[PDB]
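Below, in structure tokens: the form deposited in one PDB entry, a single chain.
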């Protein structure tokens, strides 16, 4: 349920973004200029919102823009994320100037979110004009899935997207579905846009085996490094400079939907290659046979990926989820947010799942099996 994105509403987001910029200009933070750089992203977001308002210049156009489903979600998401950043600095206090602190980590998570939100608004409203109903999903087979389940929709709730995906590619557990939500829902707004879908389907192509490619290359592959700057890629591989063929692959916030493979050359240098619009596992296979990519993260064992041409533990999914904003999500269903607290154990889940559990004669807490002495309605945030 979102309010209409009228001029007054869009303007509140700017004022909130202004506080986040003022907060992030403190020199005791020492933010590296490396992207995502919040001090550039927030003004660039204001500028695009301005460029959009310049196209919907009269009351007739503003009314059309206000009721745009994706735009209403965008403004509310931008506003909520902006308020979260202000709140993060308030509660964090001096922990915002300790680089290794969880409050700082949470700010890094938001910077990635604001960065993905900018690339999204720029792809959905290129030159300030709506083109979501004209967005071209890069892989035809992936596009055909979106068209079948979601028609011309630019964005659909994660709850809806997940059940439709399961119909084509089975999701085997709640934790696997939670890892999937953090991978695809990059803007952390509980919706999947056609842009986020295009990102995911380009990275883990081909569509035919998409979840096998994701489960292997991102959840369990030792060379997978999630988003990194080139500075972080070189610092990781630096310890293996004396081992030619050592490699890692990372996502890049300035090249969404593409992989960057960093590797050690025969002469000790750390270089990188951006693969074409082809499966990342094929570039790793060709690279291994040619002698360029042999040691993932400097490790001697290179997983045989040829199985992807012709099982993930719950713990592996849990570790993969750490960078995500899914703590507020019920782990049982991975589709409703946690809205109830068990007492005295304290485990949280959604009321729908607790009800399904009690109705199945499940003994005690679904998680720890301890007696439910009582329950309490609660609201959870990803950074709790």
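In this text, rigid core is short for the largest set of C-alphas that superpose within 1.5 Å between two forms. Residue numbers count along the first chain shown, from 1.
- Gap between residue 310 and residue 311: 4 to 9 deposited residues without coordinates.
- The stretch 291 to 299 shows the higher mean C-alpha B-factor when 291 to 299 is compared against 155 to 163 in the entry.
- Remark: stretch with higher mean C-alpha B factor among 125 to 133 and 221 to 229 is 125 to 133.
- The PDB entry assigns its highest CA temperature factor, among 178, 305, 142, 203, to 305.
- Per the PDB record, 57 has a higher Cα B-factor than any other of 44, 318, 57, 337.
- The deposited CA B-factor of residue 29 belongs to the highest third of values across its chain.
- In the PDB entry, a CA B factor belonging to the highest third of its chain's modelled residues is recorded for residue 96.
- For residue 77, the recorded CA B-factor ranks within the middle third of the chain. Only modelled residues enter the ranking.
- In this PDB entry, the Cα temperature factor of residue 237 sits in the middle third of its chain's modelled residues.
- In this PDB entry, the Cα temperature factor of residue 66 sits in the top third of its chain's modelled residues, the highest group.
Not on display, but discussed next: the form deposited with a small molecule bound.
- The small molecule in the deposited bound form comes within 4.5 Å of a heavy atom belonging to residue 251.
- Using a 4.5 angstroms threshold between heavy atoms, residue 140 stays clear of the small molecule in the deposited bound form.
- Proximity of residue 289 to the small molecule in the deposited bound form falls outside the 4.5 Å heavy atom cutoff.
- Though the partner is left out of this view, residue 172 does not reach within 4.5 Å of the small molecule in the deposited bound form, counting heavy atoms only.
- Across the options 257 to 265, 79 to 87, 239 to 247, 280 to 288, residues that bring heavy atoms within 4.5 Å of the small molecule in the deposited bound form belong to 257 to 265.
- Exactly one listed residue, out of 269, 273, 129, 220, brings a non-hydrogen atom to within 4.5 Å of the small molecule in the deposited bound form: 273.
- With the partner omitted from this view, the residue of 97, 230, 207, 149 that lies near the small molecule in the deposited bound form is 230 [heavy atom within 4.5 Å].
- When the two forms are superposed on their rigid core between the shown form and the other one, the C-alpha shift of 2 Å or more among 145, 197, 292, 227 belongs solely to 292.
- A displacement of less than 2 angstroms separates the C-alpha positions of residue 187 between the shown form and the other one, with the rigid core held in common.
- The Cα shift for residue 115 between the shown form and the other one, taken after rigid core superposition, is smaller than 2 angstroms.
- Taking the rigid core as fixed, one finds a CA shift for residue 206 smaller than 2 Å between the shown form and the other one.
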